[PDB]
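The structure appears right after this line, and notes come after that.
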Amino acid sequence: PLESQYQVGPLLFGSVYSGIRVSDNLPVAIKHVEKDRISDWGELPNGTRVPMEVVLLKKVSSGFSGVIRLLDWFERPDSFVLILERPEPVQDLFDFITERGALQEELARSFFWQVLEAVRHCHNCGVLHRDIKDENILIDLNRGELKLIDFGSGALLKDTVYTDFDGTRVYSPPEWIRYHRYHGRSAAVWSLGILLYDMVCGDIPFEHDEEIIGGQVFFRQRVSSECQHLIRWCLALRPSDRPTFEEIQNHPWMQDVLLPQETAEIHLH
Amino acid sequence: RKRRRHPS
Ligand SMILES: Nc1ccc(/C=C\c2ccc(C(=O)O)cc2)cc1
């Protein structure tokens, strides 16, 4: 029983509703996914064919708070319904950067570090998100914790070449623009570079295909040299020239990160 | 300069 377990509220295109689990008044998000619109499918351990998004959410569901938790799912004649965690109070990182403009580097450091841990968590679980961007990152404003959301463009992590993609073009790497291929980790690092520039300059650096493949990064905001260098490194044109996740977290700009609660007390309360 | 969301 789906409508008998959740009190459904208002919208949050895309069809996600605010909800409360009647059991315990827990805030949830209720996401509807039309079967006709589903790119990749997967099979659950039961063999029950489900959307790949459900498969990926289950593989990352193991307890670490950096990734959105899938709480339940239902099948309907023409759709799947996903019951997802909803922090409250919350704001996604896109609206947060819109309202506040370029972030202080201290705050961008904490956020970016939390995104890095969350993406490491996905990869450790065999999951490639493929749509990292500020819109797909939620800020729990009281805990100061970031949540990665919307795995609807993701895929199982593999080491061979990808030739499909359904993420956000302005966050896709030049090898996707030019040759329709990429490898998972190095394409994720590129999108992390776009994300980092987005945090410290107040918007993404590239809107057009020629800018993406141009390999030129102009800084519109005062940004420290160490941060510019990390950004430029993540945005290396050659995928093999990009840093590993470990190289990113050992970079000098990434040292002395704030704890989530410090981040909430200093920058969010 | 107009900042915008970008559908996937
Ligand atoms: N701006 C805003 C506000 C509230 C939520 C709630 C949570 C949620 C929504 C979607 C998804 C998903 O697509 O995986 C997960 C959780 C999301 C965005």
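Residue names in the structure tokens use chain letters A, B, ... in the order shown, residue numbers from 1 in each chain, and ligand numbers from 1 in the order shown.
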
Would you mind listing what lies within 12 Å of residue 33 in chain A as a ChimeraX atom specification, with only C-alpha atoms counted and same-chain residues fewer than 6 positions away left out?
/A:13-17,39,50-54,73-83,150,152

Which chains and residue numbers are within 6 Å of ligand 1, counting only C-alpha atoms and all ligand atoms, if I want them as a list in words?
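Residues lying within 6 Å of ligand 1: residues 12, 29, 84, 85, 86, 91, 92, 149, 150 and 151 of chain A.
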
Could you check how far CA of residue 2 in chain A sits from CA of residue 35 in chain A, in Å to one decimal?
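CA of residue 35 in chain A lies 17.4 Å from CA of residue 2 in chain A.
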
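Taking CA of residue 189 in chain A and CA of residue 128 in chain A as endpoints, the distance between them is 11.6 Å.
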
Distance filter 7 Å, only C-alpha atoms, chain B against chain A, as a ChimeraX atom specification
/B:3,6-8

Generate the output file for the selected residues, N, CA and C atoms, as a CSV table (one decimal), in the first residue's frame.
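Result file result.csv:
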```
chain,number,residue,atom,x,y,z
B,3,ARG,N,22.7,33.3,-14.9
B,3,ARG,CA,23.0,31.9,-14.5
B,3,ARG,C,21.7,31.0,-14.5
B,6,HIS,N,20.5,23.5,-15.9
B,6,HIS,CA,20.8,22.8,-17.1
B,6,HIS,C,20.2,21.4,-17.1
B,7,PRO,N,19.0,21.2,-17.7
B,7,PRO,CA,18.4,19.9,-17.6
B,7,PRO,C,19.4,18.8,-18.1
B,8,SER,N,19.1,17.6,-17.6
B,8,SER,CA,19.9,16.4,-18.0
B,8,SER,C,19.2,15.5,-19.0
```

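Neighbouring residues of residue 64 in chain A at 9 Å or closer, counting only C-alpha atoms and skipping chain neighbours under 5 positions away, are residues 69, 118 and 121 of chain A.
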
Please save N, CA and C atoms of the selected residues as a JSON list (two decimals), in the first residue's frame.
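Result written to result_37.json:
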```
[["chain", "number", "residue", "atom", "x", "y", "z"],
["A", 69, "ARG", "N", 19.61, 8.46, 0.67],
["A", 69, "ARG", "CA", 19.21, 7.09, 0.99],
["A", 69, "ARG", "C", 17.84, 6.78, 0.39],
["A", 118, "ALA", "N", 31.55, 11.64, -0.83],
["A", 118, "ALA", "CA", 30.33, 10.98, -1.28],
["A", 118, "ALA", "C", 30.57, 10.25, -2.61],
["A", 121, "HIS", "N", 32.46, 7.18, -2.04],
["A", 121, "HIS", "CA", 31.56, 6.17, -1.52],
["A", 121, "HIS", "C", 30.83, 5.47, -2.66]]
```

Grab the CA of residue 237 in chain A to CA of residue 123 in chain A distance for me, in Å with one decimal place.
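So the answer is 22.5 Å.
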
From a backbone DSSP assignment, name each residue in range 93-241 of chain A labelled strand (DSSP E or B), as a VMD selection string.
chain A and resid 127 to 128 137 to 140 145 to 148 155 to 156 162 182

When distances are computed from only C-alpha atoms, which of A:172, A:261, A:160, A:136 shows the smallest separation from residue 5 in chain B?
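Of A:172, A:261, A:160, A:136, the one nearest residue 5 in chain B, counting only C-alpha atoms, is A:136.
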
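Proximity ranking of A:114, A:186, A:191, A:163 relative to residue 257 in chain A places A:114 first, based on only C-alpha atoms.
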
With only C-alpha atoms as the basis for distance, which of A:144, A:63, A:101, A:126 is at the shortest distance from residue 88 in chain A?
A:144
